[PDB]
Amino acid sequence: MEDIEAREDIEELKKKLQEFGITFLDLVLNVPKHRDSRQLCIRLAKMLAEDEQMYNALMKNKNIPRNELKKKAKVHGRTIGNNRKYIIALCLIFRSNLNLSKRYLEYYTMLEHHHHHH
Amino acid sequence: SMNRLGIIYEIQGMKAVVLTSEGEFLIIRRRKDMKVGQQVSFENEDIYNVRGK
């Protein structure tokens, strides 16, 4: 009932990040400056987790399947590379026991119901 | 004067890496109510800077 995540699950996520060479500090460095950017980056991570083939490629390569992400997201490879560690983290969250953080990320990315930056 | 709600992902000494309500992993000022895995409602002014260049 309670909306808490377990430290053991948080750090289990971290153990996965350690396999990629990512810390929680790396994530802060890769944090997008504004809303447009972060909705976009978390959305990339979302579709990367939404697809099993992409997620499995991500795990085995320890890097994002950049070409496959680029064809589905229609983003720049430069976007992918700059936010790579960050995108990996959220992707992992959507498929990891971090259901509350999943919920935070999912509700934030669905907020593109009106999204024109002008 | 601006609240951000988030989830605590790591305690790092006197600071903590938390998620914000925008999914940002940001370092804020460590508090009493902090435990890795719990939620925290903090100020945007608790947020540190990594400083980027």
# chains A, B, ... in the order shown; residues from 1 in each chain; ligands from 1
>>> closest_atom_pairs(of="chain B", to="chain A", cutoff="8 Å", atoms="only C-alpha atoms", output="tab-separated table")
residue	atom	partner	partner_atom	distance
B:7	CA	A:101	CA	7.1
B:9	CA	A:10	CA	6.3
B:10	CA	A:24	CA	7.3
B:17	CA	A:24	CA	7.0
B:19	CA	A:101	CA	7.9
B:21	CA	A:104	CA	6.5
B:22	CA	A:108	CA	6.1
B:23	CA	A:105	CA	5.6
B:24	CA	A:31	CA	5.8
B:25	CA	A:28	CA	4.9
B:26	CA	A:28	CA	5.3
B:27	CA	A:28	CA	7.2
B:35	CA	A:7	CA	7.8
B:36	CA	A:7	CA	5.1
B:37	CA	A:5	CA	4.3
B:38	CA	A:4	CA	5.0
B:39	CA	A:4	CA	6.6
B:50	CA	A:29	CA	6.7
B:52	CA	A:29	CA	7.7
>>> write_last_selection(atoms="N, CA and C atoms", output="mmCIF file, in the first residue's frame")
data_model
loop_
_atom_site.group_PDB
_atom_site.id
_atom_site.type_symbol
_atom_site.label_atom_id
_atom_site.label_comp_id
_atom_site.auth_asym_id
_atom_site.auth_seq_id
_atom_site.Cartn_x
_atom_site.Cartn_y
_atom_site.Cartn_z
ATOM 1 N N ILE B 7 12.224 10.730 -5.053
ATOM 2 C CA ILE B 7 12.551 9.450 -4.429
ATOM 3 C C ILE B 7 14.064 9.378 -4.229
ATOM 4 N N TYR B 9 17.605 7.911 -4.009
ATOM 5 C CA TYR B 9 18.314 6.815 -4.622
ATOM 6 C C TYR B 9 19.672 6.519 -4.018
ATOM 7 N N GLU B 10 20.318 7.506 -3.424
ATOM 8 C CA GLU B 10 21.591 7.251 -2.762
ATOM 9 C C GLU B 10 21.942 8.370 -1.808
ATOM 10 N N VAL B 17 21.308 11.837 -3.635
ATOM 11 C CA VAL B 17 20.866 11.816 -5.013
ATOM 12 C C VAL B 17 19.428 11.350 -5.011
ATOM 13 N N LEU B 19 15.460 11.516 -7.112
ATOM 14 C CA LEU B 19 14.683 11.779 -8.302
ATOM 15 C C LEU B 19 13.824 12.964 -8.005
ATOM 16 N N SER B 21 10.240 15.141 -9.335
ATOM 17 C CA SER B 21 8.952 14.908 -9.930
ATOM 18 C C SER B 21 8.994 15.076 -11.468
ATOM 19 N N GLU B 22 10.169 15.412 -11.979
ATOM 20 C CA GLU B 22 10.407 15.463 -13.397
ATOM 21 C C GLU B 22 11.384 14.367 -13.835
ATOM 22 N N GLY B 23 11.700 13.458 -12.914
ATOM 23 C CA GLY B 23 12.545 12.312 -13.230
ATOM 24 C C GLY B 23 14.025 12.640 -13.314
ATOM 25 N N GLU B 24 14.409 13.770 -12.766
ATOM 26 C CA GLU B 24 15.799 14.195 -12.764
ATOM 27 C C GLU B 24 16.498 13.563 -11.584
ATOM 28 N N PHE B 25 17.675 13.037 -11.783
ATOM 29 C CA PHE B 25 18.474 12.605 -10.657
ATOM 30 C C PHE B 25 19.277 13.811 -10.238
ATOM 31 N N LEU B 26 19.014 14.334 -9.089
ATOM 32 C CA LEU B 26 19.695 15.525 -8.638
ATOM 33 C C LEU B 26 20.157 15.380 -7.225
ATOM 34 N N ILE B 27 21.223 16.060 -6.914
ATOM 35 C CA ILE B 27 21.797 16.017 -5.601
ATOM 36 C C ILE B 27 21.174 17.121 -4.771
ATOM 37 N N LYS B 35 16.130 7.977 3.566
ATOM 38 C CA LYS B 35 16.454 6.599 3.488
ATOM 39 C C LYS B 35 16.386 6.269 2.026
ATOM 40 N N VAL B 36 17.350 5.527 1.543
ATOM 41 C CA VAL B 36 17.379 5.104 0.155
ATOM 42 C C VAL B 36 16.131 4.240 -0.142
ATOM 43 N N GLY B 37 15.282 4.741 -1.024
ATOM 44 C CA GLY B 37 14.053 4.070 -1.371
ATOM 45 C C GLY B 37 12.811 4.867 -0.990
ATOM 46 N N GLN B 38 12.952 5.800 -0.070
ATOM 47 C CA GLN B 38 11.798 6.586 0.385
ATOM 48 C C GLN B 38 11.587 7.816 -0.451
ATOM 49 N N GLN B 39 10.400 8.383 -0.344
ATOM 50 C CA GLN B 39 10.098 9.615 -1.015
ATOM 51 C C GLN B 39 10.438 10.778 -0.115
ATOM 52 N N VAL B 50 26.025 20.331 -10.000
ATOM 53 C CA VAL B 50 27.157 19.553 -10.375
ATOM 54 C C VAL B 50 28.160 20.459 -11.050
ATOM 55 N N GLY B 52 28.386 22.403 -14.760
ATOM 56 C CA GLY B 52 28.695 21.801 -16.024
ATOM 57 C C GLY B 52 29.310 22.743 -16.999
#
>>> residues_around(residues="residue 2 (chain B)", least_positions_apart="6", cutoff="8 Å", atoms="only C-alpha atoms", output="PyMOL selection string")
chain B and resi 43-45
>>> residues_around(residues="residue 72 (chain A)", least_positions_apart="6", cutoff="10 Å", atoms="only C-alpha atoms", output="compact mmCIF listing (two decimals) with N, CA and C atoms, in the first residue's frame")
# COMPACT_ATOMS: atom_id res chain seq x y z
N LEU A 44 12.73 8.00 -24.51
CA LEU A 44 13.66 7.15 -25.25
C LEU A 44 13.90 5.89 -24.45
N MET A 47 10.69 3.64 -24.46
CA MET A 47 10.51 2.78 -25.65
C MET A 47 11.61 1.70 -25.75
N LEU A 48 12.74 1.97 -25.10
CA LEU A 48 13.87 1.04 -25.02
C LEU A 48 13.52 -0.12 -24.07
>>> closest_residue(among="A:61, A:21, A:46, A:88", to="residue 103 (chain A)", atoms="only C-alpha atoms")
A:46
>>> atom_distance(atom1="CA of residue 33 (chain B)", atom2="CA of residue 1 (chain B)")
19.0 Å
